[PDB]
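**Q** Fold the following, please.
(2 chains, ligands or ions: 4)
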Amino acid sequence: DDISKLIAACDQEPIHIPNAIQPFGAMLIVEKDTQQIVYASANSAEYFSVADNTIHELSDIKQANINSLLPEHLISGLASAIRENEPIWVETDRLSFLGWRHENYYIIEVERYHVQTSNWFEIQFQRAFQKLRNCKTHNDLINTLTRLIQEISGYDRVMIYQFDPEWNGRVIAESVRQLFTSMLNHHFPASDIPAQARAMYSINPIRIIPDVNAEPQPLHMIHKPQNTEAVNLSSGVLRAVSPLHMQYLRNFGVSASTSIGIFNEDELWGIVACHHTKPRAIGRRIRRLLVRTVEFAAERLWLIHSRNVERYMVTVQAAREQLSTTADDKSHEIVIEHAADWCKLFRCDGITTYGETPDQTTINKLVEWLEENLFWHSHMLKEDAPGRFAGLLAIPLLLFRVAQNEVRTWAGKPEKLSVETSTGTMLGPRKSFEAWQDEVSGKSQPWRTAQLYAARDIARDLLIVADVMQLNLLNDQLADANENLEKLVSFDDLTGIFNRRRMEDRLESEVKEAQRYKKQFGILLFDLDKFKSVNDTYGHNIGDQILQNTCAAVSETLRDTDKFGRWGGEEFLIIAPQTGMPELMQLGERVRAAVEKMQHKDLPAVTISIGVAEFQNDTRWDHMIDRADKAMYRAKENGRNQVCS
Amino acid sequence: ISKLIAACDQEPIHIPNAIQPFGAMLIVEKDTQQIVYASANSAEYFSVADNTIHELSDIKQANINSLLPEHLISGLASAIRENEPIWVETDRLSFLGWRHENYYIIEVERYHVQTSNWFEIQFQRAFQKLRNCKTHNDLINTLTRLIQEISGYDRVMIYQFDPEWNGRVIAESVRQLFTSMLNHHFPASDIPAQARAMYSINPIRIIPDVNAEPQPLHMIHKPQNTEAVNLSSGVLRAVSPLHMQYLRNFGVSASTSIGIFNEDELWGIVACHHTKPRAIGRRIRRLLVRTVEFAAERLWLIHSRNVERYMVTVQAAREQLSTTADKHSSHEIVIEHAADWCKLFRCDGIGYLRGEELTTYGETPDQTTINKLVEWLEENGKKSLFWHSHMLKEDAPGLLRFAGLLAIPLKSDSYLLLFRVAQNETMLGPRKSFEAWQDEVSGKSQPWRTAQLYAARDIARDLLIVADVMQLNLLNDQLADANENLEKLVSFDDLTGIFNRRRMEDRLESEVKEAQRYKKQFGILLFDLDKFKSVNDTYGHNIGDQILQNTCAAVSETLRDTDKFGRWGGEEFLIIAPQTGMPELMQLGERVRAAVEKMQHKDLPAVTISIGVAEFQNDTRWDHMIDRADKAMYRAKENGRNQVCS
Ligand SMILES: *C/C=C1/C(=C/c2[nH]c(/C=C3[NH+]=C(/C=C4/NC(=O)C(C=C)=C4C)C(C)=C\3CCC(=O)O)c(CCC(=O)O)c2C)NC(=O)[C@H]1C
Ligand SMILES: *C/C=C1/C(=C/c2[nH]c(/C=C3[NH+]=C(/C=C4\NC(=O)C(C=C)=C4C)C(C)=C\3CCC(=O)O)c(CCC(=O)O)c2C)NC(=O)[C@H]1C
Ligand SMILES: [Cl-]
Ligand SMILES: [Cl-]
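**A** Numbering: from 1, shown residues only, chains lettered A, B, ... in the order given. Ligands and ions are numbered 1, 2, ... in the order given. Next comes the structure:
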């Protein structure tokens, strides 16, 4: 647009080489090699006449010698300087000199000066420093800075102007003695300080305009220089002001100004702006006191910001420990317990949902577009199909910010003014600074890096905890399946007692022990009597029901050492360790009587015939089963329901 | 001198009732406005305000308005806060006064106007140079050099206090007119609590001449309160003769020191020694203190940004652990990164124990000692908590070289340890002091600063988690692998590779239900080996079992694909034949019985089966069918073996 073109044209004016100065001093430019005064400001006579009573008009300077004009210390100091743009301050009783070396030149600015002897500045320094050290908060620091600067400088209005990333500004603190309207929280456009001017603070942190209506004095050529290109003046204070900005200050109701740049390392963070409603000069000592105060206040402010980051990281670690304590006691469960805390942690509105969120369907459309296209974070990109909501940080392996329309007050409505300057046609300054409002529909707060990494860390721990609940559940269920399939391999489905295999194993180990340690044990091998008659007359279901009954009757009779299992078909085995043949036969009698006398329960009466064997220094368990077996068979021959050895 | 060293810590240095002679002092009662004390040399300074003051006694005739400026009196009258000195100058005299309880204390010094920009230039240069420092080191060295350039003192040092109030000289700027003091430590006893506390009242202390004769306070008029007045808010307060002697033994004739405050905490001191007496005016004092104050705020900003970079480092390490896990073991990860963790935790060694495995890096005791430590922790009951010490020999007595230990307990289905090496490398003096400090840190490790501890619990948290995940994943792989084998054992038979008893009960039950839904027709064939006990006992188990395998091999080739064939009990088998009526069912039974008869003997006996057969006859339970097929099987067995019966 034509606006953009006009604002860009401001950069054409070379504000560092205006070949003129403000008239609150005088300036000489001297060629180092020839030691010849090559430039003098039109007002040089009225200052250097004090050094040289032969100086009457400007033209007399051409006839003068610099040793007649400069103090001894300034001359030696300029000769000694190898580094460029390092001003040297040297005073007489009536003049105050600031000189520096720039390429081939020495630039010397001189101001009239009165000697003034007191501890005022030292007391100011101690008090300002103590008051800034006492600030614990961004707010307290910036307001303390505004009051300190106003009291030191005496300016009618003092502001803290903070730059945003696009170089627009907001006034964040203010102190206004006389009747002025409050510019507090007013926004200013980037055009108001072009890049070329913001760049000045890096050469000299203070800029002084003691009189917006003072007539600039141009530099006149005295002797001819070997190079006629304009000399850079930006290191001093006397450099002339772009009439655009003189007019800007006029339109602002300001008659004199001073500003100091606020630097975070090499970055211009903002400025301290000082307006006065009548002309006002400030001496070199008040200037130094100002810049030192802003520099001490800035280090303090950055320290305050840095401590805020530490406090926030402590909160993040308290959150990650809280998450860890909850997961051990009880993953969406984890999300529900702490989300009110997390909303503070992440300065977000919505978080399975909590706080302000889209409905499940819109949330799934969100998810889906991310699946189509790490985390993702932005405030109202509008790069998708809208669902109210403007900020989203989504870690799929969701954090929501509602749009927050922000009314901004500007210091004047914009104007597309044109002005004809020397360097071309460019934007003229707005005529009104009256308050004027816009708002940003559809944007959210930007994501701070500290919040970003806290969020990536909370999501990382959550994913791990879901994985651990997972693996623990799968271990519980595979362990349960292994429990069932291991019971099925060892026991018999019907009767729920050791199958043949487990009885062979137990019997084998009882034999090995008894052979190793000379222990005594015996086995009981019994069978159900006339069982086929039960099966054919009553059926297998009734017969199997009898097998279950008989197992229940046998298991209640046995001692804790004995092991009881199903050997084959309707044959069962009992292993009685630490039992001699007498008590062994006794156990066979109690068992035999137990199966006879059990409850019939609408089923036939049942009898078992038991053979018995004793450990007789045997090698293998197979022999013992044979003895108990043929013994059982003699029990079958003498009439069933018997115990035989 | 020794008798004084016996009781130096108790000495009340704030109330010596004397001043150093680089000025004079008046003490005035606030209410009556009477001079009640004057320093013994008061005549020579106040003779300047009042040329009638000849001896000290003339002060008794004086009125405070005759000696003090109007600005000083009104400023004192308006002050409600105590101990905030007020600086007021005349053409010949320089006044500092403050209110303390009942009194106004006024210190006065002779004074000379400096008309020059020397101070503003010095200050700007100091600020620029400190602002250029990006590191702790650069800042402390720049500050020592600047303080020397401003104060003019032959030697300038920065003492940093440790948590126990010991001090270390960490920067120095010294003409070789003195010996180098860099890295010397002094014990906390060398600056008593009362002397460290004075910096909070006045940040600067000046001793222009160790050999100047102190001037006592004399009573001028009588005070309503007879107790000694506290003088600590000014600069003239007299110096403990013990410490004057300390500086004498050191070759120091004058000193200045400034406190370095982190908020209200005394972090260290800027000490300035000179080899001959040396005065410093009020403007140089203020310039010095302002410089230390700007430098201190800078240093705290540098430390705070270092904390930020350290937390970024910790987070980069915990992500690295997660990247490394993707190794087969937990001890594999520890071996790869423990040197980084030693940097991360500022410790000399680490040991990780997990079940039967032990890993060490750096300086550690041998494995056995590590087991004595573990056991002693789990014995004290202190195992479950975190535990840490910077003095093992006194905290954990009797475990003999190493001095620091941080032990993180880890619990699953079990430790991470950090080891730190001890610190090692009668006239008053810094040689006795440096060996006094050696005694205080004997067996004491560097204390565990808090930022490293939480780095350790957080690194350990991920270690326990990743070890647990490798564990649970391996154990789940093993439980899943075994269940396949135990599922082969539950559904199949050991010797025949054919369905178990269970699988035939289940198949039969489900076949009955299925036939019950669609009124479909199926039958079962129940066969047995004939005189098999006689075969087993005549030929043995090896031959007999191979016969069972032979018979299963022969039958499986007989079956149709729909039929299900399983081993029912002992030597009894079942065939479930879907889509088969009783005629075709009997046909299948004859083919099966004949199939088992003609098989290869292979030097083994001839074998025959007897088959019962049953058909689905509107049955409820699989029980009824087994009974029917069973009685049929028995009629075949009874009527001459090798038969099929319905
Ligand atoms: C038990 C009390 C003692 C004591 C008292 C005392 N000291 C000071 C001032 C000191 N003393 C310092 C001690 C040092 N330790 C060292 O290793 C070195 C060597 C470089 C020194 C100097 C010390 C550092 C200070 C302050 C700074 C300075 O160096 O000046 C005071 C305060 C004096 C006052 O002005 O009131 C007291 C009371 N001195 C001890 O040595 C022990 C015995
Ligand atoms: C096309 C060029 C434009 C232009 C030029 C311009 N502006 C400056 C200097 C300043 N502008 C400032 C702006 C503010 N002053 C305030 O008090 C506030 C309130 C918060 C703002 C936003 C400031 C502070 C300066 C510095 C000078 C000063 O301190 O007063 C210059 C450079 C001036 C110089 O030193 O030569 C130039 C060239 N401004 C535009 O509006 C357009 C027209
Ligand atoms: Cl200046
Ligand atoms: Cl002082």
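
**Q** what about the longest helix in chain A?
**A** helix A:284-329 (DSSP state H).

**Q** Is any residue of that helix near ligand 2?
**A** No - remark: helix A:284-329 sits outside contact range of ligand 2, by Cβ under 6 Å from any ligand atom, the gap being at least 12.2 Å. (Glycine included, C-beta is placed from N, CA and C.)

**Q** got the angle for that helix vs helix B:118-132?
**A** 30 degrees (axes from the mean of the first three to the mean of the last three Cα atoms, to 10 degrees).

**Q** for the most centrally placed residue in chain A, what are its contacts?
**A** Against the mean C-alpha coordinate of chain A, by Cα atoms, centre = their mean, the closest residue is residue A:450 at 2.0 Å. Contacts for residue A:450 (Cβ atoms under 8 Å, 6 or more residues apart in numbering or on different chains) come out as A:309, A:312-313, A:316.

**Q** Helix, strand or coil: sort out it for me.
**A** helix (DSSP: H, G, I helix; E, B strand; the rest coil).

**Q** that older thread, now a PyMOL select for only the buried ones of the contacts of residue A:450.
**A** Buried residues within those, by 16 or more other Cβ atoms under 10 Å in any protein chain shown, are selected in PyMOL with:
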select buried, chain A and resi 309+313+316
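
**Q** can I get the contacts of residue A:450 in JSON lines with distance to chain B?
**A** Formatted as JSON lines, the contacts of residue A:450 follow (distance: Cβ to the nearest Cβ, whole Å):
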{"residue": "A:309", "distance to chain B": "6"}
{"residue": "A:312", "distance to chain B": "10"}
{"residue": "A:313", "distance to chain B": "6"}
{"residue": "A:316", "distance to chain B": "9"}
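
**Q** Looking at the contacts of residue A:450, which one is closest to residue A:232?
**A** Residue A:232 has its nearest neighbour among these in residue A:309, at 39.7 Å by Cβ to Cβ.

**Q** What sits closest to residue A:88 if chain neighbours are left out?
**A** The spatial neighbour of residue A:88 that comes closest, neighbours along the chain excluded (Cβ to Cβ, 6 or more residues apart in numbering or on different chains), is residue A:77 at 4.3 Å.

**Q** Go ahead and confirm the one you found touches residue A:100.
**A** No - in this structure, residue A:77 is not within contact of residue A:100 by Cβ atoms under 8 Å, at 9.6 Å.

**Q** Identify the contacts common to the two.
**A** In contact with both residue A:77 and residue A:100: residue A:88, using Cβ under 8 Å, 6+ apart.

**Q** which one of the contacts of residue A:450 sits closest to ligand 4?
**A** residue A:309 (37.5 Å; Cβ to the ion).

**Q** which residues touch that closest one?
**A** So, once contact is read as Cβ under 8 Å, 6+ apart, residue A:309 ends up touching A:450, B:304, B:308.

**Q** for the stretch 451-600 of chain A, what spans make up the helices?
**A** Counting by DSSP state H, counting those that start in this stretch, the stretch 451-600 of chain A has helices at residues A:500-517, A:531-538, A:540-557, A:581-596.

**Q** so which of those comes closest to ligand 1?
**A** Nearest to ligand 1 among the helices of the stretch 451-600 of chain A is helix A:500-517; the distance by Cβ to the nearest ligand atom comes to 76.9 Å.

**Q** how about the closest one: buried residues?
**A** Result for helix A:500-517 [16+ other Cβ under 10 Å]: buried residues A:502-504, A:506-507, A:510-511, A:514.

**Q** just checking, what packs against that helix?
**A** Contacting helix A:500-517 under the criterion 3 or more Cβ pairs under 8 Å, 6 or more residues apart in numbering or on different chains; DSSP states H and E are the following elements: strand A:521-528, strand A:563-568, strand A:571-577, helix A:621-637.

**Q** Enumerate the residues of the stretch 251-400 of chain A near chain B.
**A** A:284-285, A:288, A:291-292, A:295-296, A:299-300, A:302-303, A:306-307, A:309-310, A:313, A:317, A:320, A:324 (Cβ under 8 Å from any Cβ of the partner chain).

**Q** Which entries within the residues you listed meet the buried criterion?
**A** The buried subset of these - by 16+ other Cβ under 10 Å - is A:284-285, A:288, A:291-292, A:295-296, A:299-300, A:302-303, A:306, A:309, A:313, A:320, A:324.

**Q** so which residue of chain A comes closest to ligand 2?
**A** Counting by Cβ to the nearest ligand atom, chain A gets nearest ligand 2 through residue A:10, at 2.6 Å.

**Q** what's around that residue, how many residues?
**A** The local packing of residue A:10 (other Cβ atoms under 10 Å in any protein chain shown) involves 23 other residues.

**Q** correct me, but it touches residue A:193?
**A** No - using Cβ under 8 Å, residue A:10 makes no contact with residue A:193, being 9.9 Å away.

**Q** Helix or strand: which one has the residue in chain A that ligand 1 sits nearest to?
**A** Here chain A gets closest to ligand 1 at one residue, residue A:126, 21.7 Å apart by Cβ to the nearest ligand atom. Using DSSP states H and E, residue A:126 falls within helix A:120-134.

**Q** Wondering if that helix reaches ligand 4 at all.
**A** No - residues of helix A:120-134 contacting ligand 4 under Cβ under 5 Å from the ion: none, with a closest distance of 9.6 Å.

**Q** So what's the gap between that helix and the chain middle?
**A** 36 Å (Cα atoms, centre = their mean, to the nearest Å).

**Q** can I get the CA coordinates of it in CSV?
**A** What follows is helix A:120-134, C-alpha atoms only, in CSV (Å, rounded to 0.1, in the frame of the first residue of the first chain):
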residue,chain,number,x,y,z
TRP,A,120,23.9,16.0,45.7
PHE,A,121,24.8,13.5,43.0
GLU,A,122,26.4,11.0,45.4
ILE,A,123,23.3,11.0,47.6
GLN,A,124,21.1,10.6,44.4
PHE,A,125,23.3,7.6,43.4
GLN,A,126,23.1,5.9,46.8
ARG,A,127,19.3,6.4,47.1
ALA,A,128,18.5,5.4,43.5
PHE,A,129,20.6,2.3,43.8
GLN,A,130,19.1,1.3,47.2
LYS,A,131,15.6,1.9,45.8
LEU,A,132,16.2,-0.3,42.7
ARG,A,133,17.8,-3.1,44.8
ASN,A,134,14.6,-3.0,46.9
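
**Q** which secondary structure elements does that helix contact?
**A** Under the contact definition 3+ Cβ pairs under 8 Å, 6+ apart, helix A:120-134 sits against helix A:138-153, helix A:284-329, helix B:282-325.

**Q** how does it look with 10 Å?
**A** Using 3 or more Cβ pairs under 10 Å, 6 or more residues apart in numbering or on different chains; DSSP states H and E, the elements in contact with helix A:120-134 are helix A:138-153, helix A:284-329, strand B:86-89, helix B:118-132, helix B:282-325.

**Q** got the buried residues for it?
**A** So, applying 16+ other Cβ under 10 Å, buried residues of helix A:120-134: A:121-122, A:124-126, A:128-129, A:131-133.

**Q** Next: stretch A:227-236.
**A** Quick answer for stretch A:227-236 (16+ other Cβ under 10 Å): A:231-236.

**Q** Would that stretch count as contacting chain B?
**A** No - Stretch A:227-236 lies out of reach of chain B by Cβ under 10 Å from any Cβ of the partner chain, never closer than 13.9 Å.

**Q** try stretch A:572-589
**A** No - using Cβ under 10 Å from any Cβ, stretch A:572-589 never reaches chain B; the gap is at least 14.9 Å.

**Q** ok now that stretch, how far from the chain's centre?
**A** 76 Å.
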